[PDB]
């Protein structure tokens, strides 16, 4: 009943969770989690690269069978799809040039150019709260474009998952002159409760299989071993 091949869509521009190494192989914590779960589910899995905003449509169209792409578990998303249990926690946070006075507030951001990933919870938040009120919110096909436009000085700030910005950019050579601008942006309704495997609502069996795999690799400590490759903190949360 489970497919012998589970097709998993991911947006490979979100290090350290999902990206590509120099020879084009998919790498990162999402990939590690996905591969470990598939192993324990005893299914073959095929990774499929996609822009983030195409993931849920591809899933609904059955071009893929699952999404592992730091996809936040939100009220809004669950109207369209189902989710596995939580894979890890994910807060949102602004980044900007080091020394910048920028804060995640309308007062600070009005007339500023702020980059967000198209289709993301950050785009939802920024469009509702900031774009309406005169912040130049700029939506991008992928997160790599955002970092590029930031370093080029075309953007004043960018909003994205906190850990991705930190491990994927700030702690990298390209992000040396950048820092977080203000604390995490906390908003329960927009940003959801951690990330999970996104699935078609009727695929209850595939969800059960992922959930079971996830519980097992967390219990035996495999989760923590894989996570320590990327993180010196508790990425899972509570």
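Positions refer to the first chain, counted from 1.
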property	result
Higher-B stretch (mean Cα B-factor, as the entry records it), 119-127 or 151-159	151-159
Residue range whose averaged C-alpha B-factor is higher in the record, 48-56 or 173-181	173-181
From 166, 143, 84, 132, residue of greatest CA B-factor	132
Record-listed C-alpha B factor of residue 31: chain third	lowest
Residue 92 by Cα B-factor - lowest, middle or highest third of the modelled chain	middle
Chain-wide C-alpha B factor ranking for residue 209, given as lowest, middle or highest third	highest
Within-chain third of residue 221 by Cα B-factor, per the entry	highest
CA B-factor ranking of residue 138, expressed as a third of its chain	lowest
